[PDB]
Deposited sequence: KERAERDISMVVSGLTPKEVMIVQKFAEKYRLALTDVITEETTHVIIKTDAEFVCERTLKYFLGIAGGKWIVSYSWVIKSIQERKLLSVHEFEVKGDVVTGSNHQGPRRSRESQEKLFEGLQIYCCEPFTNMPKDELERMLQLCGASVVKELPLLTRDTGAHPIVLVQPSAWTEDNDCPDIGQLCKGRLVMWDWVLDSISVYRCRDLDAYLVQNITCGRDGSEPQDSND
């Protein structure tokens, strides 16, 4: 059961912690990039003691792609053991919103969402850029709607318009966080 060469990305880490991962990578010849590429296999992110992390773009992109989401602690502990530990016991269990009982990273990883849905991101967005939200959507199988009306581009699926038919974007984050297409009703603004 041998596979893929390890290429990591790092998330939610302070510059000092980033530097600690950079040297750790060199010591074990682990690839490490600044942005998530096609080769990315692991997203190393800061977690509390319960393997719960902060919601970041890479975390969502990580789950969307069924990647290994690993606690920075895997790095700190494999450094004090002198050996390259297995990532398994350090897999992120959830984020600050989900808590640790749903194990979304693992569910997404082992099972590998918006298949057959027509979704449009309405320009005004707070946290992340419209460009990356659409990237996330495509990764989860959504038919990303670039412009309204759909005209000949229409698949027949009643569009979902993500904001701030009309749905809060948190619907996307929550669905990815627990790797489950959530019920839209709770997120409709209109």
Quickly check which stretches of the deposited sequence aren't in the model, judged by C-alpha, and list them in order. 1-2, 115-116, 169-187, 214-229
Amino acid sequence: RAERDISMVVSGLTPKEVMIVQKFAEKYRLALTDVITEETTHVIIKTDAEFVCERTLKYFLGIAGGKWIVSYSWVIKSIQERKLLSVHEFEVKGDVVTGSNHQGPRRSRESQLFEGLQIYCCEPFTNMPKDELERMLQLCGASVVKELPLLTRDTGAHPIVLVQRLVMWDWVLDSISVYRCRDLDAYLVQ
From here on, numbers count along this sequence of modelled residues.
Got a sec? Mean C-alpha B-factor, which is higher, 168-176 or 20-28? 20-28
Which has the higher mean CA temperature factor in the PDB entry, 82-90 or 69-77? 82-90
Out of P159, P149, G141, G62, which one has a C-alpha B factor higher than all the others in the entry? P159
Choose from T41, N127, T33, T56 the residue with the greatest Cα B-factor as stated in the PDB record. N127
So, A49's CA B-factor, relative to its chain, sits in which third? The highest
Looking at the C-alpha B-factor of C121, is it in the lowest, middle or highest third of its chain? middle
Determine, from the deposited record, the chain-internal third of the Cα B-factor for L133: lowest, middle or highest. highest
